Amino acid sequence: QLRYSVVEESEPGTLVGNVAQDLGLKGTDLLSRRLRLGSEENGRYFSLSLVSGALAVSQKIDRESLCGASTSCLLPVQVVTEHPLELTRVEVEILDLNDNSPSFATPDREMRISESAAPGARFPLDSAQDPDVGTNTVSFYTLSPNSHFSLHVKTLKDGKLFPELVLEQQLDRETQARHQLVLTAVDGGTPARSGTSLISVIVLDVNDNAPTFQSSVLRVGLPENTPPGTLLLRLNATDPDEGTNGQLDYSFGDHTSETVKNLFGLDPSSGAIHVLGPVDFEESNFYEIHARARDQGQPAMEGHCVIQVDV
C-alpha cells in the first residue's frame, strides 16, 4: 500500500515517510494498535517513531552495497498494527547519490610501443569504474594535449565506454623516447567527479639509423719518411640508435687493394688508422681507401666514407 523514497547515505533520523498519517492513525492509536515493524531484516535500516509515527532511517544506507548496478533499489519493510490486526507492505526506494568518483586500476600505466608503429595503430586503454548509476557513472574521457596520440571512445552495444589510443603521427625514439599522457575519466554528476591515470609511453628502439662519419670525404697528407706505428687518423662515426643498434665496428671496403690492405692498418673498435709498411713517394703519391662503419643489429646498417691520403 505505501511507497516512500529516501536519498542514499542520508544521516540517521532522516524522514522517509509519515506512516501513521498515511494509515489514518493519530495520538493514542499508535500505542493502542501497537504500531510496529516486521520481524524481517529490513527493519535494521529503518525506525518507526513511537511519537511521530513517521518512518525514519536507522543507519547510513549505501545503495551501492545494496543494489549494486540495479536501475532501482527497493527495500521492502512490513508495518504491523493490532486491534484489529492488519499488515501494510511498505516499499522504500533508495535514490542514487553521486558520491562515488571514477577510479582506475592503476595510477600509472606503462605502454611499450615500437618505434616502427604504423599510423592508425589502435591501443586499447583500461576502462575506469564508477559504482554509481545513471549519469552518476563515467560519462566521458579526456586525453592531455599531445602531438602523436589521439583519444577515441566508442560506446558498445552494452552501453559501457571503451577508450583507446590512436597513433596520429609516427613515433621517433631518437627525438623523444617517452611520451607521458594523462587519461582522465569524468562522470556526469554536477559537480562532476573524476579520476586519472598517468600513461607513460615507452618508445622501443628500432634500428632505422645507419652510422654517419663527420665528413663524407676527408683528405689528409703524409710525408715520405713517415715511420711505422704512427697513427694517421681516427675514424669517427655516430649512430643515434640505442644499445646494440648504436654500437659499431669499423672495416675497409670488400674490394680494397691488397697493397692498401697491407700498408694501412685499422682498428675495428677505435677506428684509428696506423701505417705498418714503408711509404715511398716514387711508388705512389695518392691513395683512396673505402672506410665503412657497421652497426651491430638485425637488419644491420652501414655508413661509408672515403679517405684520401696524399704522399
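When you see a residue number, it is the position in the sequence shown, counting from 1.
Colleague: On mean C-alpha B-factor from the PDB entry, just flag whether 171-179 or 231-239 is the higher one.
Modeller: Mean CA B-factor is higher for 231-239.
Colleague: Select between 120-128 and 214-222 the stretch whose C-alpha atoms have the higher average B-factor in the entry.
Modeller: Between 214-222 and 120-128, it is 214-222 that shows the higher mean C-alpha B-factor.
Colleague: Among the choices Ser52, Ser47, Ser270, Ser65, identify the one whose CA B-factor in the record is greatest.
Modeller: Of the options given, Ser270 has the highest CA B-factor in the PDB entry.
Colleague: Mind checking which third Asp158 falls in for C-alpha B-factor across the chain?
Modeller: Highest third, going by the recorded CA B-factors of the chain.
Colleague: Compared with the other modelled residues in the chain, in which third is the CA B-factor of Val206?
Modeller: According to the entry, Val206 has a C-alpha B-factor in the chain's middle third.
Colleague: According to the PDB entry, is the CA B factor of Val6 in the bottom, middle or top third of its chain, that is, lowest, middle or highest?
Modeller: Ranked within chain, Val6 CA B lands in the lowest tercile.
Colleague: Among all modelled residues of this chain, ranked by Cα B factor, put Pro76 in the bottom, middle or top third, i.e. lowest, middle or highest.
Modeller: As the PDB entry reports it, the C-alpha B-factor of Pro76 lands in the lowest third of its chain.
Colleague: Tell me, lowest, middle or highest third: where does the Cα B factor of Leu25 rank within its chain?
Modeller: Middle third, going by the recorded CA B-factors of the chain.
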